[PDB]
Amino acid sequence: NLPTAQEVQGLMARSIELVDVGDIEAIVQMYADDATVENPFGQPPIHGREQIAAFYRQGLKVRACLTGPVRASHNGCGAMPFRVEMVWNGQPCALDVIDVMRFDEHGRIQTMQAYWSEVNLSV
């Protein structure tokens, strides 16, 4: 069914865990089959598990950790802050992001928007 707020906090937290270990198969299975991802928010969205797989394939040594609790609503949505560590121009950099997700009635991510820009990038 439409995930409760507690359920949303556990799913959002698990998607960051899966990113962190680079488990592309498990990541893409968290998404609805026709989910849309906008990352960064403002850019054209990508649609469908195929494209979202390709995204993570290309994007993912990269680490990612929640930097605070997940915030969850009563209508299936929530938002979380996290930090991605990865290489930029040959040095270790960090990028601060917040992801906003809405879930469908099967508990899968229907949409994700990832808020970040170069102002959030640090060497």
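Residue numbers run from 1 along the displayed sequence.
In the deposited sequence, the stretch from residue 60 to residue 61 hides 1 to 3 residues that have no coordinates.
Higher mean CA temperature factor, per the PDB entry, when comparing 66 to 74 with 87 to 95: 87 to 95.
Mean CA temperature factor is higher for 50 to 58 when stretches 75 to 83 and 50 to 58 are set side by side in the entry.
Among the modelled residues of its chain, residue 18 has a C-alpha B-factor that falls in the middle third according to the deposited record. For residue 35, the recorded CA B-factor ranks within the middle third of the chain. Only modelled residues enter the ranking.
In the PDB entry, a CA B factor belonging to the lowest third of its chain's modelled residues is recorded for residue 5. Per the deposited record, the Cα B-factor of residue 117 falls in the lowest third when ranked against the other modelled residues of its chain.
Per the deposited record, the Cα B-factor of residue 24 falls in the highest third when ranked against the other modelled residues of its chain.
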